[PDB]
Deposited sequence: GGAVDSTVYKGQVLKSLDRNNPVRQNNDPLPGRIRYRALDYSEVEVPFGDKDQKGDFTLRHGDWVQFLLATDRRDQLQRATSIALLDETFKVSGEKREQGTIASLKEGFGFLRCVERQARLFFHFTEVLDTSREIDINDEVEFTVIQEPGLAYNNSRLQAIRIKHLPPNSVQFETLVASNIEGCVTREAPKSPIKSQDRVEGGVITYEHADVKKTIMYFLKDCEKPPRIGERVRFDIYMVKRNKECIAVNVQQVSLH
């Protein structure tokens, strides 16, 4: 039946999702010979997208009735992403439906669709707020494929890039009800090469007036490709 050694090889021919065993995997046998072995749909541990050149794990199954050896229980190896050249992005599982879900992306504004079949690890469960790494493909329909679980505290949606930066309020934030503005905001001008940066009333205690000197921290919001001034406070000693 199935051999017990964990074999390592590369995908020579991917499966066409758009011959019962059309796939091909090239590996090095224990006797240092180069071997090609076929595989089919059920030979992958999950219905995820395998690609030409992917490093994979598999077990060798011998079918005496079909008179051929087969690669089975194929799983994608993480080392592929170190040599793949594909764009790997980060995010967290935002919602879970039946068969699909949506991810909150680090570098993208919109929620990203993803099929449950693209989760690489079939040994563990998926939950909300799971930190994941994926590859985005386009078909105007976007989806995340080859989704890998990330260790805790690996995903940061915003980064502190500077602290105690000083500038001048060149457009006061709109005098605002209970809901906090997150679109209009104000404008702070600082020469830290003069630059502008947006601030919002939610990120200051006591709103600064137009033309007043302020001190603030700068955070990089990656999904918006912009920085935001927070912890805004007035400066008396200029």
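Note: segments 1-2, 21-27, 149-155, 193, 210-211 of the deposited sequence have no C-alpha coordinates in the structure.
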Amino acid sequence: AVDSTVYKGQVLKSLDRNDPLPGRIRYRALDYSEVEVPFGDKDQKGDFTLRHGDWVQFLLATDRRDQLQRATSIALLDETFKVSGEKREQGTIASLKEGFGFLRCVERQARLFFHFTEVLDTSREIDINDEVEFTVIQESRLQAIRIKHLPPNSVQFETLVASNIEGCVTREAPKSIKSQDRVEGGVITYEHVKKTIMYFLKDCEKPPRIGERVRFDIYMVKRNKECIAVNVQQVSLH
From here on, numbers count along this sequence of modelled residues.
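147-155 and 160-168 differ in mean CA B-factor, and the higher of the two is recorded for 147-155.
Of the candidates 26, 209, 52, 182, the PDB record gives 209 the highest C-alpha temperature factor. Annotation for residue 57: CA B-factor lies in the lowest third of the chain's modelled residues. Among all modelled residues in this chain, the alpha-carbon of residue 215 has a temperature factor (C-alpha) in the lowest third. When the modelled residues of the chain are ordered by their C-alpha B factor, residue 232 lands in the lowest third.
Placement of the Cα temperature factor of residue 99 within the chain: highest third of the modelled residues, per the deposited record. In this PDB entry, the Cα temperature factor of residue 15 sits in the top third of its chain's modelled residues, the highest group.
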